[PDB]
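Here the protein sequences line up with chains A and A', keeping their order. A prime marks a further copy of an entry chain.
Each number in the deposited numbering comes from the position in the first sequence (counting from 1) with 8 added on.
Each number in the deposited numbering comes from the position in the second sequence (counting from 1) with 8 added on.
2 protein chains.
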Amino acid sequence: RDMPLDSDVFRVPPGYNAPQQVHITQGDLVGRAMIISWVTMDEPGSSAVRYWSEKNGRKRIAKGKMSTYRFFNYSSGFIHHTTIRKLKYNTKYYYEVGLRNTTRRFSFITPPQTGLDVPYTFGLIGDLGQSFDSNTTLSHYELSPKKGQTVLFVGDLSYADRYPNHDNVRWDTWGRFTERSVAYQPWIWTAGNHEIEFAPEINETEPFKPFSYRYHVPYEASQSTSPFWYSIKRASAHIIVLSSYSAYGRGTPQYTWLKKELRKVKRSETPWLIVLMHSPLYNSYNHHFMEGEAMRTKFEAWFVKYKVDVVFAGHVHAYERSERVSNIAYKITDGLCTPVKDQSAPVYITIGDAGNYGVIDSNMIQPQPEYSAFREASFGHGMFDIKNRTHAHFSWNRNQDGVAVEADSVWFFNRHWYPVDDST
Amino acid sequence: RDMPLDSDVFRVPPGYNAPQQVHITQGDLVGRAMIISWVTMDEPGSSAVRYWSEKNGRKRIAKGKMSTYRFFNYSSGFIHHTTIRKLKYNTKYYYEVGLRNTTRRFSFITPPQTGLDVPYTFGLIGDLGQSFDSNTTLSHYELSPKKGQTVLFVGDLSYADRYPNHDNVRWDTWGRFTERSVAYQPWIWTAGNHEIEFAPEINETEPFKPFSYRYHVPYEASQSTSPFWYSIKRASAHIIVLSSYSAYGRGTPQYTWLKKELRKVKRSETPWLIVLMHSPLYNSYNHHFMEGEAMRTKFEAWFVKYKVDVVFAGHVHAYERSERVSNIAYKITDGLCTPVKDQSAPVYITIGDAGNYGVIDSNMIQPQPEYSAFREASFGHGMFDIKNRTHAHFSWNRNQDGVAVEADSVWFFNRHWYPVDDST
Ligand SMILES: *[C@@H]1O[C@H](CO)[C@@H](O)[C@H](O)[C@H]1NC(C)=O
Ligand SMILES: *[C@@H]1O[C@H](CO)[C@@H](O)[C@H](O)[C@H]1NC(C)=O
Ligand SMILES: *[C@@H]1O[C@H](CO)[C@@H](O)[C@H](O)[C@H]1NC(C)=O
Ligand SMILES: *[C@@H]1O[C@H](CO)[C@@H](O)[C@H](O)[C@H]1NC(C)=O
Ligand SMILES: *[C@@H]1O[C@H](CO)[C@@H](O)[C@H](O)[C@H]1NC(C)=O
Ligand SMILES: *[C@@H]1O[C@H](CO)[C@@H](O)[C@H](O)[C@H]1NC(C)=O
Ligand SMILES: *[C@@H]1O[C@H](CO)[C@@H](O)[C@H](O)[C@H]1NC(C)=O
Ligand SMILES: *[C@@H]1O[C@H](CO)[C@@H](O)[C@H](O)[C@H]1NC(C)=O
Ligand SMILES: *[C@@H]1O[C@H](CO)[C@@H](O)[C@H](O)[C@H]1NC(C)=O
Ligand SMILES: *[C@@H]1O[C@H](CO)[C@@H](O)[C@H](O)[C@H]1NC(C)=O
Ligand SMILES: [Fe+3]
Ligand SMILES: [Fe+3]
Ligand SMILES: [Zn+2]
Ligand SMILES: [Zn+2]
């Protein structure tokens with residue numbers, strides 16, 4: 009069900025060496041930097057970026073770096089990544105890319121300065137892919153009346169690896185597909201399993217290669233030593249991104265980083281604490297049932313302990329929401345291995361239903377267990393609308409519904425400022 | 009309690025550019041290849057190795073490769089790794105190293121050809137370190153009347169990382185310390201946590217660096233894409249080595265490899281199936297209690313399913329033995345989260361009590377749970393003496409005891425050829 013190559017959506021911007029696949033993300037820790045990334049296919053081109061604010065039209069230039077990679081019998085075009093920095097908060101910015109030959113203009117708006125009661129609305133999309141369904145989700149999100157300002161991307165980007173030799177063209181199509189959204193608003197990236205691409209047979213054995221060349225993150229802004237896990241503060245939220253397919257052993261770098269990072273969170277500054285990951289820790293569908301177990305046995309307590317608000321995952325092509333629940337009592341022989349409501353525990357939501365290759369996971373465990381608050385096998389996206397330091401309203405729009413129909417909806421009470429039972 | 013630098017044990021072989029830190033390991037999948045590794049400190053030197061069999065004294069030469077690494081303000085000497093191959097089975101071999109200036113002679117014996125009833129005796133040492141205690145273990149093993157022929161090394165080699173800036177000299181001392189054993193009989197290597205050495209502060213952030221330069225394994229012989237996990241067949245046993253601090257997510261390379269590898273095991277050819285890892289899956293001591301949980305939730309079933317015989321780990325500086333037990337029934341809400349005797353499950357033994365920096369873990373969970381068959385906080389090593397395709401006799405010598413005193417002893421009944429209850 010993957011949109012074919014001719015698809016209008018996959019069309020290449022006209023012009024010799026026309027910057028295609030333009031896509032941006034947060035470039036620093038708190039909001040005043042952007043990473044502009046694009047691809048030129050005719051010849052290398054200039055990695056410079058021209059930008060200026062709407063108000064003070066003083067045009068400035070930032071210079072980036074260009075790279076290329078080979079996959080198997082594939083060869084990338086020229087990939088460029090430039091980082092504009094020291095932007096002013098809350099400001100529309102105009103940036104042009106492709107200065108040497110055919111220039112393309114775009115705009116993005118710096119977010120507000122980090123704050124206790126600074127509202128912001130994130131869209132949640134995970135497991136996008138490039139089926140027609142995916143097209144639909146992307147448009148539903150594009151139209152949600154409460155308009156999203158940043159997309160938290162929970163993993164599995166293009167499924168190019170389903171194609172033979174992971175036909176990296178499918179990475180180029182996807183890049184072009186999603187441009188309409190990403191060239192204007194950042195998408196926070198999360199490594200999914202489809203990103204791994206461990207292909208020994210074709211002699212590709214460096215995990216996350218194509219992904220890593222195409223998508224960059226300010227991992228160094230947190231003090232991560234790897235792009236596969238990092239964090240960003242934006243508006244009022246503090247976002248930690250983890251890697252299910254990287255390592256979390258005790259003492260390993262991801263483990264070491266997450267621990268320290270959790271201690272660096274300041275709720276007085278960023279009331280909302282959100283965590284992202286691909287494989288979900290709490291899941292009641294049959295598909296991938298219990299994979300999150302390992303990472304669960306490692307990070308749950310921390311999450312409960314620091315009172316993280318929500319945890320979004322993908323990986324299960326469907327939707328599900330949970331009760332604020334923990335299960336941190338088991339000690340092997342003591343039999344306390346059953347999830348209990350705990351109000352310090354986060355609400356685990358899974359939204360890997362944005363489309364993939366057009367297939368939904370419907371087989372679920374009968375009957376819906378206590379921990380599971382609401383679950384449905386439909387394609388859709390989500391929105392997490394932060395209001396105050398106490399309120400944030402999550403929503404779930406189904407692809408079947410009209411753009412403004414909230415198939416599911418929930419008010420989040422800040423685990424830190426207003427810990428009242430938001431459970432139902 | 010770490011033996012000081014002057015220690016006779018740490019002495020440098022006399023001679024200009026005298027090959028020091030000589031140490032060998034299996035170089036192929038089935039036994040007819042050796043990897044000779046040494047270090048020259050004065051100048052690069054020749055990476056050639058001269059070898060010949062006792063019988064046919066036709067001296068041959070194998071050429072290796074030389075490398076060096078810098079750690080922080082440290083700089084290795086010249087490390088050499090040469091692989092002699094196509095050796096004859098069961099044959100004493102003589103090899104000389106350091107041909108250009110001061111040559112040193114050693115010998116090793118190829119093992120017997122892989123077989124159903126081929127006996128062999130492995131020594132188990134884990135968590136060695138370089139305290140006086142360590143010295144003692146090494147000697148106890150050196151004297152065990154049933155003489156070991158290969159040492160299965162369960163992780164944590166030298167604890168150089170306890171020193172400041174991980175003073176890599178301590179890696180050089182350890183290398184010299186253990187030479188008396190390793191230059192003559194292979195030690196199968198397992199990455200321990202102390203091997204990770206993730207030191208961002210001193211700008212060292214590549215996991216396992218010093219370890220990886222100094223110790224090499226025939227990972228490519230299995231079809232591993234990383235030295236951190238591999239397998240070797242020797243005598244009658246099939247040995248799988250895993251990495252607790254590498255990644256095991258579903259789809260990750262280690263995960264992918266272990267699965268396939270387990271399918272490649274032929275019990276009709278190698279009756280004994282042994283698995284190595286550092287962090288133990290079943291552990292009743294307080295120290296590191298429940299760390300193996302994650303990797304457990306991922307590989308246990310496989311082990312039960314393939315009927316692996318034993319699983320050795322280190323990490324807990326003490327000793328413990330278990331009942332053939334599984335705990336593969338939990339499905340979250342069903343409460344079946346308690347270990348039961350299962351005769352298809354392996355016996356999990358932990359021997360991280362070879363010495364470390366001279367400290368034993370004694371705090372254990374009271375009372376000793378059902379799954380735990382025998383546990384004690386003493387320094388020691390182990391021997392796993394394979395007899396037939398049905399019998400193998402494990403033993404545990406305490407450092408307090410005399411060389412031939414088996415503080416613990418157990419007969420192993422082959423999970424495949426003779427699955428009778430060896431439990432007690
Ligand atoms: C890559 O190889 C496949 C067959 O192995 C072939 O069909 C395909 O067209 C090739 N692609 C390129 C860009 O050469
Ligand atoms: C591209 O830009 C260069 C320099 O601006 C110019 O000389 C060249 O002719 C342009 N057109 C093409 C097709 O390269
Ligand atoms: C994708 O959706 C856009 C609008 O949402 C539409 O203009 C376009 O034709 C669609 N293309 C496909 C292949 O669905
Ligand atoms: C490439 O193809 C397969 C993958 O394992 C193998 O036969 C071959 O050795 C691989 N590597 C090279 C360098 O050809
Ligand atoms: C939080 O927002 C809700 C509506 O979402 C509102 O009713 C409530 O009074 C707000 N709290 C503050 C402190 O303004
Ligand atoms: C490395 O630095 C430490 C202090 O940072 C110093 O005491 C030590 O002697 C140095 N080692 C070398 C080999 O320079
Ligand atoms: C080492 O060997 C070389 C060549 O065999 C020789 O010329 C040299 O003088 C020897 N001695 C030293 C100290 O290098
Ligand atoms: C280590 O043990 C050996 C024999 O086992 C002995 O000769 C040596 O002196 C000992 N050294 C230390 C520092 O214990
Ligand atoms: C080296 O020391 C610390 C480690 O994080 C840091 O201050 C510095 O930036 C590091 N890197 C370099 C290149 O100095
Ligand atoms: C296995 O070895 C034991 C002693 O360890 C012996 O009693 C038994 O008969 C042997 N089995 C075979 C088939 O020889
Ligand atoms: Fe997916
Ligand atoms: Fe240890
Ligand atoms: Zn997935
Ligand atoms: Zn350890």
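Quick reminder that beta carbons are idealized off the backbone N, C-alpha and C, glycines included.
Asked                                                                                                                                  : Found
Pairwise C-alpha distance: A':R113 and A':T48                                                                                          : 15 Å
Every unbroken beta strand (DSSP E) within the stretch 100 to 188 of chain A, with a cutoff of 3 residues, ordered by chain            : 100 to 105, 112 to 117, 128 to 133 and 158 to 161
Beta-carbon contacts of A':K306 that lie in its chain and below 6 Å, excluding the five residues immediately before and after          : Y256
Every unbroken alpha helix (DSSP H) inside the stretch 336 to 366 of chain A' [4 residues or more]                                     : none
Buried versus exposed call for A:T76 [16 or more other C-beta atoms within 10 Å across all chains shown]                               : exposed
Per-residue DSSP class, three states only, for A:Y238                                                                                  : strand
Sub-8 Å separation of A:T91 and A:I43 beta-carbons                                                                                     : yes
Near ligand 8: A':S152 beta-carbon under 7 Å from a heavy atom                                                                         : no
Rounded straight-line distance, which links the Cα of A':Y167 to that of A:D169                                                        : 41 Å
Near ligand 3: A':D169 beta-carbon under 7 Å from a heavy atom                                                                         : no
Segment limits, beta strand (DSSP E) that includes A':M391                                                                             : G388 to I394
Distance, A':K339 Cα to A:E205 Cα                                                                                                      : 30 Å
Contact with chain A by A':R258, beta-carbon distance below 8 Å                                                                        : yes
Beta-carbon neighbours of A:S252, restricted to chain A' and to distances below 7 Å                                                    : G257
Contact test: A:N143 Cβ vs ligand 3 heavy atom, cutoff 7 Å                                                                             : yes
Contact set between the stretch 333 to 362 of chain A and chain A', restricted to residues whose Cβ is under 9 Å from the partner      : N335, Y338, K339, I340, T341, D342, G343, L344, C345, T346 and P347
Cβ-Cβ distance between A:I373 and A:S292 below 8 Å                                                                                     : yes
Chain A' contacts made by the stretch 301 to 321 of chain A, where a contact means CB separation under 9 Å                             : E301, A302, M303, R304, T305 and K306
Bridge-paired residues (DSSP) for A':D10                                                                                               : A':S139
Distance, A:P288 Cα to A:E299 Cα                                                                                                       : 8 Å
Three-way DSSP call (helix, strand, coil) for A':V17 in this model                                                                     : helix
Any non-hydrogen atom of ligand 2 closer than 7 Å to A:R58 Cβ                                                                          : no
Residue of A':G388, A':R397, A':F236 and A':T398 minimising C-alpha distance to A':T144                                                : A':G388
Exposure of A:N98, with buried meaning 16 or more beta-carbon neighbours within 10 Å                                                   : exposed
Three CB pairs or more closer than 8 Å across the stretch 179 to 188 of chain A' and the stretch 378 to 394 of chain A'                : no
Proximal chain A residues relative to A':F206, where beta-carbon distance stays under 7 Å                                              : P261 and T264
Any chain A' beta carbon closer than 8 Å to A:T233                                                                                     : yes
beta-carbon A':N294 near ligand 14 non-hydrogen atom, thresh 7 Å                                                                       : no
Best match in A:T233, A:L281, A:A353 and A:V283 for proximity to A:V312 [C-alpha to C-alpha]                                           : A:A353
Integer Cβ distance of A:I117 from A:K94, believed to fall under 8 Å                                                                   : Contact doesn't hold; Cβ gap of about 16 Å is too wide.
Bridge partners - A':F86, DSSP secondary structure assignment                                                                          : A':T48
Cβ neighbours of A:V316 in the same chain (closer than 6 Å, five flanking residues each side left out)                                 : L281, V283 and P354
Residues near A':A385 by beta carbon distance below 6 Å, same chain, minus five either side                                            : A326, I368 and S370
Validate contact between the stretch 189 to 204 of chain A and the stretch 206 to 217 of chain A' using beta carbons, cut 8 Å, 3 pairs : no
Check: A':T398 C-beta below 7 Å from any heavy atom of ligand 10                                                                       : yes
Top-ranked residue by Cα proximity to A:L151, from A:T111, A:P52 and A:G131                                                            : A:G131
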